[PDB]
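A.B. asks: Chain order of the listed sequences is p, u, i, h, l and t.
Heads up, the first sequence is in the entry's author numbering, so the first residue is 2 and it goes up one at a time.
Heads up, the second sequence is in the entry's author numbering, so the first residue is 4 and it goes up one at a time.
Heads up, the third sequence is in the entry's author numbering, so the first residue is 10 and it goes up one at a time.
Heads up, the fourth sequence is in the entry's author numbering, so the first residue is 2 and it goes up one at a time.
Heads up, the fifth sequence is in the entry's author numbering, so the first residue is 2 and it goes up one at a time.
Heads up, the sixth sequence is in the entry's author numbering, so the first residue is 1 and it goes up one at a time.
Cβ coordinates follow ideal geometry from the N, Cα and C atoms, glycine included.
So that we are looking at the same thing, I have put the structure below in structure tokens.
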Amino acid sequence: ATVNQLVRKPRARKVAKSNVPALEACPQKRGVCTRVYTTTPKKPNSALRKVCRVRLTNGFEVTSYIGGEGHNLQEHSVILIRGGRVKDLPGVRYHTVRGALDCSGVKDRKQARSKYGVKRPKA
Amino acid sequence: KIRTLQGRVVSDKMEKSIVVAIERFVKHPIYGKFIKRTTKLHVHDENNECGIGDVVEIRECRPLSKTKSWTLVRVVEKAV
Amino acid sequence: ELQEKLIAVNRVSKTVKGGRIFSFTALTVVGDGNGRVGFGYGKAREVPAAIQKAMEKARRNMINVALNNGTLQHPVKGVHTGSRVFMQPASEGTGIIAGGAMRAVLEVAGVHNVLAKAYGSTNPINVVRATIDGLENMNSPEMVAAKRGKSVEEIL
Amino acid sequence: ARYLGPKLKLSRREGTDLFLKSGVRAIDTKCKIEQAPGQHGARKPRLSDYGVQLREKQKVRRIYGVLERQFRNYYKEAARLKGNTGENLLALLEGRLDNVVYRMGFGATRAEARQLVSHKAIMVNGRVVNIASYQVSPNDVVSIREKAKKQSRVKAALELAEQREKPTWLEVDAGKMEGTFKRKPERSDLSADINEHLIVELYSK
Amino acid sequence: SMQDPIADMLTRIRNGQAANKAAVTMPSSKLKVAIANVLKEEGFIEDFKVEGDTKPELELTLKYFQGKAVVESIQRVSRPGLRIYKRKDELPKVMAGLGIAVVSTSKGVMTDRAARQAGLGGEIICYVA
Amino acid sequence: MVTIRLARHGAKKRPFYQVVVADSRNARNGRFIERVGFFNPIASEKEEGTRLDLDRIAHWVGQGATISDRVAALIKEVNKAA
RNA sequence: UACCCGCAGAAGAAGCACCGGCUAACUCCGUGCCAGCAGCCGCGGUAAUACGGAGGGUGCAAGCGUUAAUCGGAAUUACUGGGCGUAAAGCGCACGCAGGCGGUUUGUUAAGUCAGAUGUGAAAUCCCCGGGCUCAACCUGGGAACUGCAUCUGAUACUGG
RNA sequence: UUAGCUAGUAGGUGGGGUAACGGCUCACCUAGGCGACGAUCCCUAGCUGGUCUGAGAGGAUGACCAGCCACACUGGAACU
Ligand SMILES: [Mg+2]
Ligand SMILES: [Mg+2]
Ligand SMILES: [Mg+2]
Ligand SMILES: [Mg+2]
Ligand SMILES: [Mg+2]
Ligand SMILES: [Mg+2]
Ligand SMILES: [Mg+2]
Ligand SMILES: [Mg+2]
Ligand SMILES: [Mg+2]
Ligand SMILES: [Mg+2]
Ligand SMILES: [Mg+2]
Ligand SMILES: [Mg+2]
Ligand SMILES: [Mg+2]
Ligand SMILES: [Mg+2]
Ligand SMILES: [Mg+2]
Ligand SMILES: [Mg+2]
Ligand SMILES: [Mg+2]
Ligand SMILES: [Mg+2]
Ligand SMILES: [Mg+2]
Ligand SMILES: [Mg+2]
Ligand SMILES: [Mg+2]
Ligand SMILES: [Mg+2]
Ligand SMILES: [Mg+2]
Ligand SMILES: [Mg+2]
Numbered sequence: 002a003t004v005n006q007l008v009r010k011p012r013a014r015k016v017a018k019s020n021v022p023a024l025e026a027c028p029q030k031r032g033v034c035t036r037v038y039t040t041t042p043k044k045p046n047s048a049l050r051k052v053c054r055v056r057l058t059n060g061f062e063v064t065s066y067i068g069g070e071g072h073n074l075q076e077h078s079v080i081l082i083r084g085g086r087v088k089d090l091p092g093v094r095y096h097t098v099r100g101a102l103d104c105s106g107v108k109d110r111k112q113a114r115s116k117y118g119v120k121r122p123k124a
Numbered sequence: 004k005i006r007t008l009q010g011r012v013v014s015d016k017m018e019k020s021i022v023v024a025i026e027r028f029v030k031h032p033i034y035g036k037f038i039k040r041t042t043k044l045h046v047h048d049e050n051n052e053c054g055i056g057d058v059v060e061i062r063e064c065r066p067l068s069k070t071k072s073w074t075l076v077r078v079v080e081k082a083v
Numbered sequence: 010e011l012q013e014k015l016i017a018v019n020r021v022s023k024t025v026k027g028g029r030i031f032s033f034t035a036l037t038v039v040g041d042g043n044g045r046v047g048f049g050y051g052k053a054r055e056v057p058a059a060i061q062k063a064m065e066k067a068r069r070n071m072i073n074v075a076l077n078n079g080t081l082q083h084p085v086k087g088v089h090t091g092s093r094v095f096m097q098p099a100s101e102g103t104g105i106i107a108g109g110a111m112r113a114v115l116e117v118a119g120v121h122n123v124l125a126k127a128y129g130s131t132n133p134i135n136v137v138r139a140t141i142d143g144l145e146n147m148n149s150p151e152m153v154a155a156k157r158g159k160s161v162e163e164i165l
Numbered sequence: 002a003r004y005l006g007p008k009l010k011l012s013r014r015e016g017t018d019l020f021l022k023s024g025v026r027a028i029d030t031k032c033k034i035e036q037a038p039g040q041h042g043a044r045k046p047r048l049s050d051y052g053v054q055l056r057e058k059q060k061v062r063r064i065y066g067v068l069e070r071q072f073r074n075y076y077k078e079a080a081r082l083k084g085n086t087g088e089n090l091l092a093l094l095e096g097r098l099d100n101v102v103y104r105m106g107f108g109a110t111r112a113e114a115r116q117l118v119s120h121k122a123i124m125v126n127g128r129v130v131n132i133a134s135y136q137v138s139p140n141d142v143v144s145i146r147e148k149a150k151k152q153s154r155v156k157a158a159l160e161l162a163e164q165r166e167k168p169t170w171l172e173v174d175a176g177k178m179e180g181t182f183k184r185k186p187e188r189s190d191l192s193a194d195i196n197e198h199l200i201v202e203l204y205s206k
Numbered sequence: 002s003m004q005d006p007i008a009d010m011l012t013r014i015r016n017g018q019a020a021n022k023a024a025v026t027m028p029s030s031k032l033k034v035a036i037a038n039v040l041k042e043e044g045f046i047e048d049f050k051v052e053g054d055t056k057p058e059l060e061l062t063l064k065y066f067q068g069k070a071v072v073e074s075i076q077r078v079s080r081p082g083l084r085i086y087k088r089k090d091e092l093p094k095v096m097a098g099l100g101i102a103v104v105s106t107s108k109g110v111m112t113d114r115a116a117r118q119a120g121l122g123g124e125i126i127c128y129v130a
Numbered sequence: 001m002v003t004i005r006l007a008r009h010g011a012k013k014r015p016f017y018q019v020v021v022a023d024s025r026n027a028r029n030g031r032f033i034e035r036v037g038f039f040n041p042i043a044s045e046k047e048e049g050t051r052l053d054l055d056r057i058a059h060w061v062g063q064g065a066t067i068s069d070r071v072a073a074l075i076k077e078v079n080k081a082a
């Protein structure tokens, strides 16, 4: 804390790592679905979380949560991830964009429709 | 009137050339402390007339050599 | 008259043989729209009883603050136990730029133009004590003139 | 870029009158001005400090009909200009052309004054001005042009302006359907229920 | 070691006030005298006095108003580890002008207000408030 | 060679020309030596649309600077108004 | 082309997110640790203001949200502006080179320092006072500023020599 | 968790060379030179006016506009 000590060895900052390294400072990355499956969550919760193992374009192979009810996802399906982790899943750091390039919008969803890629239901 | 500087003589082993430690006294840009900073210059001397530990006064001239562009004007504190 | 603000309510506990006993705490501050400010801390099994005990203790133990027109007189600091607090006199109509409990205590203090900042722990009890101590030891040009034995104009 | 819905819903939310209608019929007749809108309108919840700062800023916006980005830029300008920020903010809201038209009583509401501006019925210093947010400098004349001078709603608005209190900082000539923005108004000339410090504290996080 | 007498002077004042001491003595100096000259003129101490010839002892008569101390706060600014020099525009206002900043200028030791009226800055010794 | 010329610094469809002294190999709006005024072709009444430091212009011409055709027009219009 | 004049008639022109707390804004019906939400705390096991729909409301608005990224908040690398008995943190102790600091008095120096002047610090940009496009955005005149460096002239309290 | 680097290297004399000083080059002589105030090595990187943020100090950054540098398939070379 002595000013001489700070002259000789300055105040170093904290290089903050990114919790989405596969995006490589991109907002979305195109991937290809390798394996679509379910996962049981942590102990306080209990479900079957829909999650896909994806080979990306940059070369990484990461898993990604599939939001919403229902999905037409298969293997060899071309999706677009966007970043954002599921807390109640170990190792899932990404969300699939519903309504992008193979993924369909949520069936018969009428609220929050843009977070799931659903057109406006005409009356 | 000409701009000139002073400093101790560090080495004198090479002929017609001495090395001079000019010790400027600057403030730190952040912490405000005044820190001595040392500048070494290769100085041309005719006659090899200076010694180690000697104070000298130098001016800037045309480049004599690769690393040498300074020539003394006079000597203060010649002896040990 | 004396405007009254509760800052925060809190539910506390006390474990006994039967189990947990819950209670409620209330932190209230009163003021006259001028330098007369005072705080209270009441506690009861029920929230309206706690605010009433707090307003009762706050109406007494008031403290007097030498204000300026509507602001402070010099940049003052106040501490209590977790809360270093800086506050600064400001220009007219810049508002109360203050955090949480300090806004309420200065509003009933009748101040209207401050630039404040609460460092450290922001527990409302200690930060309201730290503001009360800062305003209390803030001194006027008259008090410093009588103290140094000079005029106000010799002090400028 | 305008609010086009129900207006008394806004006055009911703010709890007071905003003069959003002409004041011919009484507002307590046209609406339950003491009850908030909606299913859960009867309940009055314990409103937070952010709530009162928001409701005050949405009051002033819903009075003058200014959207948020523009009201933010008025805050930026009022903080830049010298003196009291809240007073300069109200002086900028009162310098709007559609307010000057309302205060001169050429339109019954501020929206109708806005429509007269947008529909090319106002000459400023002889020159036609189509913009609602045109700032009106002191010592400026502002007139109804010739063709819309014969409108019914204009002299009906002058009747209601005679029912309303006359502002000091103006000087209107109801025969010529013109006026004169003499000076910027003082804070004392305006309403006293507007707590402008809540807005300054809102945009001063 | 005694690296700094001026902070020893200020500390003996500060502890004298907190101890309700009437007078405070210390080894004198030309600078400690010029500072006690300033503190008497500005009204914080009653009187100073230097006695002795070979090693002079400076005695300060402290000042108490309404029981409590006059000197509410006194702080060292420039220190041997870190000197502080300011220009005449960047001179500080202690307590918004209520306190003073003892400044050493080429024309002697004065307060910050007289340094501004003199149009010249120098070394900030202490904040007295 | 060194020349004296205009430099388009305006909005679209509403130009405004800084009359500058520049080495002619540089760009139009680029590097210059000395700005010796301006010209506004969309100048309203009761505003200046032409202001030229004619002392500096005669200084650079004494140094051998050339004059553009419009600058020499604006020097004519100044020396005819004045 | 701007711009202006004329015609007809409210016609040709509003959506997005959110409503457990933080965080402005609530009720109902499905639903049953399922389906699913999620920034954090956390919701969901038959009466879910937290899921999904509806009604209502709130915030923005030709945009609204999400994601990525930077600063801020964070006094959470603390120069301003932090700490080290027990919360992370005093080397096991010591001598000691370089280095940092240095009692008191007089004289000198003027390096630091302070003041002033000169040159420079491109323009633009930021800021101030104005001007011009129906306003604004924008454009623009003038100024301040660029906290710096160099030289010279002084000052001598402090520090250094 | 890079501590030693350097023989045209460092300097000198003379000759050559360039628009020009100069190891720029050559011969000879001398044995130096840099480095803990970080040499050398490694990774990364065009620089600035400025931009964003911030009460400020600071932090991050260098798209557009303007100033300098560098390159023009890659590696080299010279001519005019
Ligand atoms: Mg804490
Ligand atoms: Mg818009
Ligand atoms: Mg202002
Ligand atoms: Mg709420
Ligand atoms: Mg239910
Ligand atoms: Mg929620
Ligand atoms: Mg941070
Ligand atoms: Mg920080
Ligand atoms: Mg700490
Ligand atoms: Mg332990
Ligand atoms: Mg420990
Ligand atoms: Mg120990
Ligand atoms: Mg000493
Ligand atoms: Mg000097
Ligand atoms: Mg100077
Ligand atoms: Mg500039
Ligand atoms: Mg204008
Ligand atoms: Mg001395
Ligand atoms: Mg001296
Ligand atoms: Mg030769
Ligand atoms: Mg040669
Ligand atoms: Mg590169
Ligand atoms: Mg900060
Ligand atoms: Mg090539």
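Would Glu-145 (chain i) pass as an interface residue toward chain h - the criterion being a Cβ-Cβ separation below 8 angstroms?
C.D. replies: Against the third sequence, residue 145 (chain i) aligns to sequence position 136. No, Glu-145 (chain i) does not count as interfacial toward chain h.
A.B. asks: Between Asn-131 (chain h) and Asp-141 (chain h), how many whole angstroms is the CB-CB distance? I'm expecting something under 8 angstroms.
C.D. replies: Taking the first residue of the fourth sequence as 1, we reach residue 131 (chain h) at position 130. Taking the first residue of the fourth sequence as 1, we reach residue 141 (chain h) at position 140. That pair is no contact at about 16 angstroms.
A.B. asks: DSSP has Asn-19 (chain i) in a bridge; who is on the other side?
C.D. replies: The residue labelled residue 19 (chain i) in the question sits at position 10 within the third sequence. Answer is i:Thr-34.
A.B. asks: Counting only C-beta atoms, is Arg-84 (chain l) closer than 8 angstroms to chain u at any point?
C.D. replies: Walking along the fifth sequence from the start, residue 84 (chain l) turns up at place 83. Yes, its Cβ sits closer than 8 angstroms to a Cβ of chain u.
A.B. asks: DSSP three-state label for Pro-57 (chain l), please.
C.D. replies: Within the fifth sequence, the letter at position 56 stands for residue 57 (chain l). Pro-57 (chain l) falls in the coil class under three-state DSSP.
A.B. asks: On a Cα-Cα basis, can you pick out the residue from i:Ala-139, i:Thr-90, i:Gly-91 and i:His-89 that is closest to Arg-112 (chain i)?
C.D. replies: Start at 1 with the first residue of the third sequence, and residue 112 (chain i) comes out as number 103. If we check each option's Cα against that of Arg-112 (chain i), i:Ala-139 comes out closest.
A.B. asks: Can you find a CB in chain l that lies within less than 8 angstroms of the CB of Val-153 (chain i)?
C.D. replies: One-based indexing of the third sequence puts residue 153 (chain i) at position 144. True, the Cβ-Cβ gap to chain l drops below 8 angstroms.
A.B. asks: From the DSSP output, in three-state form, read off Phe-39 (chain t) for me.
C.D. replies: Here the question's residue 39 (chain t) lines up with position 39 in the sixth sequence. Looking at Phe-39 (chain t) - three-state DSSP - the assignment turns out to be strand.
A.B. asks: Report back the beta-carbon spacing between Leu-81 (chain p) and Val-98 (chain p) to the nearest angstrom; my notes put them in contact at under 8 angstroms.
C.D. replies: To locate residue 81 (chain p), count along the first sequence from 1; it is residue 80. To locate residue 98 (chain p), count along the first sequence from 1; it is residue 97. About 5 angstroms separates the two Cβ atoms, so the contact holds.
A.B. asks: Per DSSP, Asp-174 (chain h) forms a beta bridge with which residues?
C.D. replies: Against the fourth sequence, residue 174 (chain h) aligns to sequence position 173. h:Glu-179.
A.B. asks: Which residues in chain l sit within 9 angstroms of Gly-35 (chain u), going by Cβ to Cβ distance?
C.D. replies: For the purposes of this step, residue 35 (chain u) is taken as residue 32 along the second sequence, with counting starting at 1. Residues of chain l passing the Cβ test: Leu-83, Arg-84 and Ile-85.
A.B. asks: Does the structure place the region 36-43 of chain u close enough to the region 10-19 of chain i that three or more beta carbon pairs sit under 8 angstroms?
C.D. replies: As far as the Cβ criterion goes, the region 10-19 of chain i does not touch the region 36-43 of chain u, which means the pair count is below three.
A.B. asks: Compute the Euclidean distance between the alpha carbons of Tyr-135 (chain h) and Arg-97 (chain h), then round it to the nearest angstrom.
C.D. replies: Residue mapping note: residue 135 (chain h) aligns to position 134 of the fourth sequence, counting from 1. Residue mapping note: residue 97 (chain h) aligns to position 96 of the fourth sequence, counting from 1. Using only the alpha carbons, I get a separation of about 6 angstroms.
A.B. asks: What three-state label does DSSP hand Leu-124 (chain i) in the structure shown?
C.D. replies: As a position in the third sequence, residue 124 (chain i) is number 115, starting the count at 1. Three-state DSSP puts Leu-124 (chain i) in a strand.
A.B. asks: What is the DSSP secondary structure of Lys-71 (chain u), counted as helix, strand or coil?
C.D. replies: In the second sequence, residue 71 (chain u) corresponds to position 68, counting from 1. Strand.
A.B. asks: Can you tell me which of t:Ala-43, t:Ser-44, t:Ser-68 and t:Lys-76 puts its alpha carbon nearest to the alpha carbon of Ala-7 (chain t)?
C.D. replies: On the sixth sequence, residue 7 (chain t) is found 7 positions in, with the first residue counted as 1. Selected option, being the one with the closest Cα: t:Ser-68.
A.B. asks: Apply the 10 Å Cβ neighbour rule to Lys-60 (chain h) and answer buried if 16 or more other Cβ atoms are within range, or exposed otherwise.
C.D. replies: As a working mapping, residue 60 (chain h) is identified with position 59 in the fourth sequence. Buried is the call here.
A.B. asks: In chain order, which continuous runs of the alpha helix (DSSP H) of length 4 or greater are located wholly inside the region 31-97 of chain i?
C.D. replies: As far as the region 31-97 of chain i is concerned, its whole alpha helix (DSSP H) runs of at least 4 residues are 56-68.
A.B. asks: Beta carbon of residue 136 (chain p), beta carbon of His-96 (chain p): below 8 angstroms?
C.D. replies: Nothing can be reported for residue 136 (chain p): it is not among the residues displayed for chain p, which extend from 2 to 124.
A.B. asks: Does the distance between the C-beta of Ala-72 (chain t) and the nearest non-hydrogen atom of ligand 2 fall short of 7 angstroms?
C.D. replies: For the purposes of this step, residue 72 (chain t) is taken as the residue at position 72 of the sixth sequence. Every heavy atom of ligand 2 is 7 angstroms or more from the Cβ of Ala-72 (chain t), so no.
A.B. asks: Per the contact definition of three or more C-beta pairs closer than 8 angstroms, is the region 23-33 of chain h in contact with the region 46-53 of chain h?
C.D. replies: Contact between the region 46-53 of chain h and the region 23-33 of chain h is absent, because fewer than three Cβ pairs lie under 8 angstroms.
A.B. asks: Rounded to whole angstroms, what is the Cα-Cα separation between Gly-10 (chain t) and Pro-41 (chain t)?
C.D. replies: As a working mapping, residue 10 (chain t) is identified with position 10 in the sixth sequence. As a working mapping, residue 41 (chain t) is identified with position 41 in the sixth sequence. Roughly 11 angstroms separates the two Cα atoms.
A.B. asks: Could you tell me whether any non-hydrogen atom of ligand 2 is closer than 7 angstroms to the CB of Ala-2 (chain h)?
C.D. replies: One-based indexing of the fourth sequence puts residue 2 (chain h) at position 1. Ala-2 (chain h): yes, Cβ under 7 angstroms from ligand 2.
A.B. asks: From what residue to what residue does the beta strand (DSSP E) around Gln-18 (chain t) run?
C.D. replies: Counted from its first residue, the sixth sequence places residue 18 (chain t) at position 18. Counting along the chain, the beta strand (DSSP E) containing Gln-18 (chain t) begins and ends at 17-23.
A.B. asks: Take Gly-129 (chain i) and list the residues in its own chain whose beta-carbon comes closer than 6 angstroms to its own, dropping the five residues that flank it on each side.
C.D. replies: Position 120 of the third sequence, counting from 1, holds the residue named residue 129 (chain i). So the list reads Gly-91, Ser-92 and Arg-93, once near-sequence residues are dropped.
A.B. asks: Ignore the nearest five residues each way along the sequence and tell me which others in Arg-14 (chain t)'s own chain have a CB closer than 6 angstroms to its CB.
C.D. replies: Reading the sixth sequence from its first residue, position 14 is the one you call residue 14 (chain t). So the list reads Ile-42, once near-sequence residues are dropped.
A.B. asks: Compare the C-beta of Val-37 (chain p) against all C-beta atoms of chain u and say whether one is closer than 8 angstroms.
C.D. replies: Taking the first sequence and counting its residues from 1, one reaches residue 37 (chain p) at position 36. By this cut-off, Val-37 (chain p) is not an interface position.
A.B. asks: If we cut at 8 angstroms on Cβ distances, does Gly-47 (chain i) have a partner in chain h?
C.D. replies: Locating residue 47 (chain i) in the third sequence gives position 38, counting from the first residue. No, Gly-47 (chain i) lies away from the interface with chain h (no Cβ there is under 8 angstroms from its Cβ).
A.B. asks: What separation, rounded to the nearest whole angstrom, lies between the Cα atoms of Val-123 (chain i) and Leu-81 (chain i)?
C.D. replies: Numbered from its first residue, the third sequence carries residue 123 (chain i) at position 114. Numbered from its first residue, the third sequence carries residue 81 (chain i) at position 72. Roughly 7 angstroms between the two C-alpha positions.
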